[PDB]
Amino acid sequence: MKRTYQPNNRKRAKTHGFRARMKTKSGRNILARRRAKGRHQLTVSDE
Amino acid sequence: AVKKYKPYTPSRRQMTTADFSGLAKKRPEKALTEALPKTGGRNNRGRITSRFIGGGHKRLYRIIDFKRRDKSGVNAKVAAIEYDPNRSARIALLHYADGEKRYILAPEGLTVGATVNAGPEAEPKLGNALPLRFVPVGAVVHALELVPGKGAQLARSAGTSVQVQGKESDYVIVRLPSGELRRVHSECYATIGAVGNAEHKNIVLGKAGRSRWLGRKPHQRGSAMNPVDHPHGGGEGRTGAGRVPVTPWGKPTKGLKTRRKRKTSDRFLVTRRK
RNA sequence: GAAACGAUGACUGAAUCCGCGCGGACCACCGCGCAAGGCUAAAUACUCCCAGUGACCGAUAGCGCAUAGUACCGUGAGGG
RNA sequence: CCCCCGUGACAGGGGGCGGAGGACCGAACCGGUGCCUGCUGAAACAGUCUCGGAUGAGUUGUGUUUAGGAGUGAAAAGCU
RNA sequence: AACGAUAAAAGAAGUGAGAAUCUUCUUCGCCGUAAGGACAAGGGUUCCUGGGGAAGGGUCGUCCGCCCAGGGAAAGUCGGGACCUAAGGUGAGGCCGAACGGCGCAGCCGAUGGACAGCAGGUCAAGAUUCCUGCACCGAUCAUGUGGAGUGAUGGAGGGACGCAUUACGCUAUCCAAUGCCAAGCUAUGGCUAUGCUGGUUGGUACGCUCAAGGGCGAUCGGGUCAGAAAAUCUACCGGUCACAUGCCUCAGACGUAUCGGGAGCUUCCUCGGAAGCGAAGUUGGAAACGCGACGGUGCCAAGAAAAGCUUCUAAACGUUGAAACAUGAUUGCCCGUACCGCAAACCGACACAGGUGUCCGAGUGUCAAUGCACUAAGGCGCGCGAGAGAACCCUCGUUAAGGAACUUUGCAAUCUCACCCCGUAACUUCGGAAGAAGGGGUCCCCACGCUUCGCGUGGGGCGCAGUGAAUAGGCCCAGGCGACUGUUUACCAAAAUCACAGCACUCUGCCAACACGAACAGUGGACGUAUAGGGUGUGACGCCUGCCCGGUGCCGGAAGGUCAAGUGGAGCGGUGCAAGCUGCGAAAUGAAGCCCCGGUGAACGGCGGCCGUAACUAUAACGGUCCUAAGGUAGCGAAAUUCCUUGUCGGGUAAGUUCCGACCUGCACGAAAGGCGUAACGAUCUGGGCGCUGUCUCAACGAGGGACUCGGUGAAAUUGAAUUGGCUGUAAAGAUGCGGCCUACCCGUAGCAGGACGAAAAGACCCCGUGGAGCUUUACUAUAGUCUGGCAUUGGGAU
Ligand SMILES: [Mg+2]
Ligand SMILES: [Mg+2]
Ligand SMILES: [Mg+2]
Ligand SMILES: [Mg+2]
Ligand SMILES: [Mg+2]
Ligand SMILES: [Mg+2]
Ligand SMILES: [Mg+2]
Ligand SMILES: [Mg+2]
Ligand SMILES: [Mg+2]
Ligand SMILES: [Mg+2]
Ligand SMILES: [Mg+2]
Ligand SMILES: [Mg+2]
Ligand SMILES: [Mg+2]
Ligand SMILES: [Mg+2]
Ligand SMILES: [Mg+2]
Ligand SMILES: [Mg+2]
Ligand SMILES: [Mg+2]
Ligand SMILES: [Mg+2]
Ligand SMILES: [Mg+2]
Ligand SMILES: [Mg+2]
Ligand SMILES: [Mg+2]
Ligand SMILES: [Mg+2]
Ligand SMILES: [Mg+2]
Ligand SMILES: [Mg+2]
Ligand SMILES: [Mg+2]
Ligand SMILES: [Mg+2]
Ligand SMILES: [Mg+2]
Ligand SMILES: [Mg+2]
Ligand SMILES: [Mg+2]
Ligand SMILES: [Mg+2]
Ligand SMILES: [Mg+2]
Ligand SMILES: [Mg+2]
Ligand SMILES: [Mg+2]
Ligand SMILES: [Mg+2]
Ligand SMILES: [Mg+2]
Ligand SMILES: [Mg+2]
Ligand SMILES: [Mg+2]
Ligand SMILES: [Mg+2]
Ligand SMILES: [Mg+2]
Ligand SMILES: [Mg+2]
Ligand SMILES: [Mg+2]
Ligand SMILES: [Mg+2]
Ligand SMILES: [Mg+2]
Ligand SMILES: [Mg+2]
Ligand SMILES: [Mg+2]
Ligand SMILES: [Mg+2]
Ligand SMILES: [Mg+2]
Ligand SMILES: [Mg+2]
Ligand SMILES: [Mg+2]
Ligand SMILES: [Mg+2]
Ligand SMILES: [Mg+2]
Ligand SMILES: [Mg+2]
Ligand SMILES: [Mg+2]
Ligand SMILES: [Mg+2]
Ligand SMILES: [Mg+2]
Ligand SMILES: [Mg+2]
Ligand SMILES: [Mg+2]
Ligand SMILES: [Mg+2]
Ligand SMILES: [Mg+2]
């Protein structure tokens, strides 16, 4: 019928982004633990 | 007294409605009309602490100073008796002879425009701010504080009357509406009379909607739920209990005193609400 | 457990030299000791990185990659 | 509300006028009642025909809040 | 097999290496409250030009949303920011907390909202309230003037400022009519020769003693200090005073005049067709918004955000020979967003996918009306495989002789029925209702007559089988069970008898309320609520009602006594050294709640039950009824959603009735708020009967459309030990094509059937096993959040 993924720019960014991911400890942690895996895709800010 | 309804719709029989024919029709004073948002029962953690709260109709706060001692020693005159959706009672509009308007709670009878006072130097009339000691023995009153200046926290629902059993020490004995006898520091304030609305108690709600319109989301028998959900759950049929009646939290409902056993109030209650 | 000693949470908070602490309950004896103040290189651990070697691999092996955390999947963490 | 009609201890009865309702028929919208088709589908849940609400406890956009023995639930251990 | 909807295509012309598919033309077919148009969210160059053809395209492609290259997007007035605040998110100091951290006032962020200055036309291949033309508006700084003394905040008030439903007058959009006006040409095929046919018929701005429904509206003096910290020309109370009708005020809109546009077409050039010039009319009549006048009127209970801009006062402050306000000229104009797809081939669905996606505009004819139905306009398409065949069978549809539920688990399905008007309408009832009950009759075309119209009644005529002629369009009734009702529910096998509900009932709760989330004396909900409130629990409208048992459990209360922890107190025991002594152990009495114990408590948990004997073979259809726990069924009901015996017995209906309805009572095993028994009405509930209608059936037939079959194009799948894979009897691990024997059988294929290959699909979900698991339960075990409780610390003086 209708689907799981209905994009929302403001949602996307205010949810997964960088100011967001750094706002919390475990997101700092997500950050550097990504960086280590050599992500080009650091964060949905980087889309 | 109460409006009623011919049975044109199934639910438009038992339904009943207030008598607001004595309500000075008016959009409550601007500099007194704060904004109440609703709270699903969730608190600042977003979990439903209170349970079963939901929507209804947009409401606003009308500040009703209860400590009249901010303007006692002078009088005001009643200007209107408008309709507050947040109180079980009706409220009235004070025009203080010296400018300032206020809102106070409205008692039983008090006709629109009677000029009422405030101060220990006040006549036992309906609507007077009067300390509890200066109140006659056996007089009828409401709006009673648990300390001078705090705020009136007693007798506020429709047609309620705390009754001066009489003085004693500096703590005046008092008859709470619940059927309880309470000591009150005679420097406490009062507002003479029964609350009024009174008719309230009786209005038949009539249909689901009418519950919703006051924002009381549908209540739920745990006897519906399942084990996982709540105590009385499970079973194979419109099932009994199998344990003693009990809240979701398992702390018994039906005949279990719940007040905290040691307390500071325990030497101000001469009797029990029985 | 016969539970010494240290160690602290709550109550108690002694002696300072003819004194204090321990010697696996506890006592005398007889021994080892100076609580309540601090710093301290050295040997030791690791290895993102640099170099040298190899009865280690040579394209399904070897890191995941002869390179790429890319293509691709995932709203995301993440997988790859 | 407004007139005439009614006085056995009786709320009443006609006409005007009025616009009430979890009223009614019914598109949009909301939902899935029965059958059939579809079942390596057109689609990981639908199509046609039929049917339910259709001013109410209604329908929906946007911003936002609550979560894992936790949330949320007009209650099916459903949904997350 | 399939090529992704059965909206449908033909012929000509062109191009090319090649064409059913690409480009012109002329038709046909489909959408037209869309399948048109405009936005938003999302996507990201998909837009336009020129080119390409590997692959993407379900075939083909010369084509494309694919490939290449190049271009295209323009704002002071639209939208967002340079302004505001909501929910929410934050947040120095502040309150807490093993850490990370959790709170949290002001302030700040936060549009989905408040605020706010521009409209009409023109055009690129591709932009448009941006650019260009024409005429506006707003803020800002300077200057010449009118200056000629006040300006008016980080505080004051006013204002901003709001609900649903229904509705009066005026009006615009916008659409219809016509021998209005303008323009165009023509005579068709029997006629028409215009009184026919086709098309167009006012947008902006400015003024104007012109017309105008609607709508807002008071004013000034004085008092009270005590209202807004104070101030106070203000704002709020009190008082006085003012030509009620009103005028004061506004002008949606229309009429006039002017000016700028636009306008059917007409002309001219010319290159798969456009470039450029020109330009007529501008009427009467009618309809009419969800739009505007507007913040209008009335009714209603459920009682309808905030803040800035804005308007008014005053405080300081610098001024009071440059204070405001104003006119005019100059001058200035930041930041991103503007292409295109945007109900879809361009977003979300892995796809050029029968799904999903929020707001606006959405013409005409016919129709009681309408966003309804048929057909259309503008516009948009014919959905990216084709052609033929005209078997079985399959899907969607038409018609049907005689019969009419014989079908069957059941009328499942399908027909009946169908709109508007007029007649008429039952038991039952809560007087609302049932109810569109039922059952009839009318409906089209013409002429005359009346009436309030487009319209309609009446009268007479006319035609066809029929006149809501086509399409949209209820079958109805009798009687039960369950629930009262509208609602809710298992996303993706259950929509109900579930659940909710209004109502009633028990209890709990006196405010830092119980109760609930919680590192936690934080903070929060409860609630800015206050016992006519709040929590929890149960029943489930309404109506008559709701009995008997307090022994066990729970709960409330009671206190004599039995008691019980640490702690208080240590008589006495012993270890040791000569010893003063250090020490190990430890008894009496006292001692907390709680349990034992005494009583009360059912709309608390619950309980309201055992049994007697019959002729015969160790036995079957049947018996009438005395009654141990605390009591042993009051009303009402009863073969039921409950019934074992079971198709109980009787009655009704049927030709015939395990079903159904009434009664019966021997209730295996109804019963009163886990409600009892009823009840109008409601029901995509469930059950039986009827009337009507019917291919459901007897029993199928003919026809149609889409498949299946044939040809050209592209071309999957699950399966698969390997096969060169017959039948009967038998044997074999017991169901053999493979062994035995005997029969039969030439090689290959095609369309079809579903018996076999214990056919495929998922290591069976039933069952047993595992000292496997997880959910749930309690008076199974153990802890434990929480919570009660004595002592201890915060923790103090005193009086007796
Ligand atoms: Mg309830
Ligand atoms: Mg259940
Ligand atoms: Mg279950
Ligand atoms: Mg439980
Ligand atoms: Mg239970
Ligand atoms: Mg120690
Ligand atoms: Mg190799
Ligand atoms: Mg490799
Ligand atoms: Mg309704
Ligand atoms: Mg649903
Ligand atoms: Mg085929
Ligand atoms: Mg196709
Ligand atoms: Mg076709
Ligand atoms: Mg041609
Ligand atoms: Mg050629
Ligand atoms: Mg084609
Ligand atoms: Mg469209
Ligand atoms: Mg293109
Ligand atoms: Mg191809
Ligand atoms: Mg070519
Ligand atoms: Mg915070
Ligand atoms: Mg906005
Ligand atoms: Mg604006
Ligand atoms: Mg703006
Ligand atoms: Mg401009
Ligand atoms: Mg009108
Ligand atoms: Mg004509
Ligand atoms: Mg002719
Ligand atoms: Mg014409
Ligand atoms: Mg502010
Ligand atoms: Mg863009
Ligand atoms: Mg396609
Ligand atoms: Mg599609
Ligand atoms: Mg319209
Ligand atoms: Mg139309
Ligand atoms: Mg239509
Ligand atoms: Mg298109
Ligand atoms: Mg042939
Ligand atoms: Mg027939
Ligand atoms: Mg016949
Ligand atoms: Mg049927
Ligand atoms: Mg009647
Ligand atoms: Mg009828
Ligand atoms: Mg005839
Ligand atoms: Mg006829
Ligand atoms: Mg029908
Ligand atoms: Mg129901
Ligand atoms: Mg389901
Ligand atoms: Mg279903
Ligand atoms: Mg005790
Ligand atoms: Mg019989
Ligand atoms: Mg019941
Ligand atoms: Mg229903
Ligand atoms: Mg029958
Ligand atoms: Mg072929
Ligand atoms: Mg062989
Ligand atoms: Mg053989
Ligand atoms: Mg087959
Ligand atoms: Mg197995």
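Summarised in this report is the structure supplied together with it.

Conventions we followed
Residues numbered from 1 in each chain as written, not as in the entry; some residues may be left out. Chains lettered and ligands numbered in written order. Part of a larger assembly, values for the part shown. Heavy atoms only, no water. Helix = DSSP H or I, 4+ residues; strand = E, 2+ residues; numbered from the N terminus. Buried < 20%, exposed > 50% of the residue type's maximum accessible area, 1.4 Å probe, protein only. Contact = heavy atoms within 4.5 Å. Areas by Shrake-Rupley, 256 points an atom, 1.4 Å probe, with all protein chains shown as cover. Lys, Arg positive; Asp, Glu negative; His and termini not counted. Charge placed at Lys NZ, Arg CZ, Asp CG, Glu CD. Core = buried A, V, L, I, M, F, W, Y, C linked by side-chain atoms within 4.5 Å. 1 Å grid on protein atoms, 1.4 Å probe; cavity = no way out; pocket = protein on both sides within 12 Å on 5 of 7 lines; lining within 4 Å. Points joined across faces, edges and corners; volume = space filled by probe spheres on them. Nonpolar A, V, L, I, M, F, W, Y, C, P; charged D, E, K, R; others polar. Pairing = 2+ DSSP bridges. Near = heavy atom within 4 Å. Polar contact = N/O pair within 3.5 Å; in protein donor to acceptor, adjacent residues only side chain to side chain. Patch = residues over 30% accessible without salt bridge, like charges linked within 9 Å, V, L, I, M, F, W, Y side chains within 5 Å. Salt bridge = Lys/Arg side-chain N within 4 Å of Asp/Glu carboxyl O.

## Description of the overall build of chain B
Then comes step 1: Looking only at helices and strands, chain B has 1 helix and 11 strands in total.
Then comes step 2: Over its C-alpha atoms, taken along the principal directions, chain B stretches across nearly 70 × 50 × 40 Å.
Then comes step 3: Here chain B holds 274 residues, and 32% of them are scored as buried.
Then comes step 4: Taking contacts inside chain B between residues at least 6 apart in sequence as the whole, the part at least 24 apart equals 56%.
Then comes step 5: For chain B, the exposed area adds up to about 17400 Å²; of that, 52% sits on carbon and sulfur atoms.
Then comes step 6: Separation of charge centres in chain B, based on 55 positive and 21 negative side chains, amounts to 11 Å.

## Comments concerning the nonpolar core
All names here are of chain B.
Then comes step 1: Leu-132, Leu-144 and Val-174 are the most contacted members of the largest nonpolar core, which totals 17 residues.
Then comes step 2: It is strand β9 (residues 171-176) that provides the largest number of residues to this core, a total of 3 residues.
Then comes step 3: Those residues within four positions of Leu-144 in sequence are excluded, and the remaining contacts are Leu-132, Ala-152, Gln-153, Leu-154, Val-162, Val-174, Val-184, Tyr-189 and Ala-190.
Then comes step 4: Counting residues in each nonpolar core, the second largest holds 9 residues, with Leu-32, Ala-80, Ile-91 and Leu-105 among its members.

## A short note on the layout of surface pockets
Residue and element names in this part refer to chain B.
Then comes step 1: As a volume, the largest pocket reaches approximately 1300 Å³.
Then comes step 2: When its residues are assigned to classes, the lining of the largest pocket shows 16 nonpolar, 7 polar and 15 charged.
Then comes step 3: Put simply, the second largest pocket is a space of about 250 Å³.
Then comes step 4: Contributing to the lining of the second largest pocket are 13 residues, with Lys-38, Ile-53, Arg-59, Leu-214 and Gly-215 lying nearest its centre.
Then comes step 5: For the lining of the second largest pocket, the class distribution of residues is 5 nonpolar, 5 polar and 3 charged.

## Some words on the sheet that holds strand β8 (residues 162-166) of chain B
All names here are of chain B.
Then comes step 1: Across the sheet, which stays open at both edges, the 5 strands sit in the order β10-β9-β8-β7-β11 with antiparallel pairing between neighbours. Since the sheet does not close on itself, it has two edges, and those belong to β10 (180-185) and β11 (191-192), each with one partner.
Then comes step 2: As paired elements, β8 and β9 share 3 bridges and run antiparallel to each other. The partner of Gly-166 across the bridge, within β9, is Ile-173.

## Brief notes about the pairing of β10 of chain B
Residue and element names in this part refer to chain B.
Then comes step 1: When β9 meets β10, the two strands line up antiparallel, connected through 6 bridges. When the sheet's bridge partners are listed, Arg-175 is paired in β10 with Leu-181.
Then comes step 2: Once β9 ends, the chain turns through 3 residues before running back antiparallel as β10, passing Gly-179 with a positive phi of about 100°.

## Some remarks on the protein's contact with RNA strand D
Then comes step 1: Near RNA strand D you find 27 residues, and of these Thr-9, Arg-12, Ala-208, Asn-226 and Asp-229 of chain B are the closest.
Then comes step 2: By atom count, sugar and phosphate contribute 62% of the portion of RNA strand D lying within 4 Å of the protein.
Then comes step 3: Take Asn-8 of chain A: an N or O atom from its side chain is 3.2 Å from a phosphate oxygen of RNA strand D.
Then comes step 4: At 3.2 Å, a side-chain N or O of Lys-14 of chain A approaches a phosphate oxygen of RNA strand D.
Then comes step 5: Of all the elements in the fold, those that place two or more residues in the surface near RNA strand D are α1 (9-16) of chain A together with α1 (208-212) of chain B.

## Structural notes on the sheet that holds strand β3 (residues 76-80) of chain B
Residues and elements named next belong to chain B.
Then comes step 1: Judged by pairing direction, the sheet is antiparallel, and its 4 strands sit side by side in the order β5-β4-β3-β6 without closing on themselves. Here the strands that pair on one side only, and so sit at the sheet edges, are β5 (101-105) and β6 (115-116).
Then comes step 2: As paired strands, β3 and strand β4 (residues 91-96) are joined by 4 bridges and run antiparallel to one another. Bridge assignment links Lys-77 to a residue of β4, and that residue is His-95.

## Here we look at the protein's contact with RNA strand E
Then comes step 1: RNA strand E sits among 115 residues. The nearest are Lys-3, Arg-156, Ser-157, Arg-210 and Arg-273 of chain B.
Then comes step 2: Counting only the atoms of RNA strand E within 4 Å of the protein, the fraction contributed by sugar and phosphate is 74%.
Then comes step 3: One of the backbone N or O atoms of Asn-44 of chain B is found 2.8 Å from a sugar or linking oxygen in RNA strand E.
Then comes step 4: Measuring from a base oxygen of RNA strand E, one finds a backbone N or O atom of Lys-201 of chain B at 3.0 Å.
Then comes step 5: Elements supplying a minimum of two residues to the surface near RNA strand E: α1 of chain A together with β1 (33-35), β2 (60-62), β4, β10 and α1 of chain B.
Then comes step 6: For the surface near RNA strand E, the per-class residue count stands at 37 nonpolar, 36 polar and 42 charged.

## What about a positive patch on the surface?
Residue and element names in this part refer to chain A.
Then comes step 1: A surface patch of positive charge is lined by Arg-10, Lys-14, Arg-19 and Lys-23.
Then comes step 2: Broken down by secondary-structure element, the contributors of at least two residues to the positive patch are α1 and α2 (18-23).
Then comes step 3: Residue position: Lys-14 is located in helix α1.

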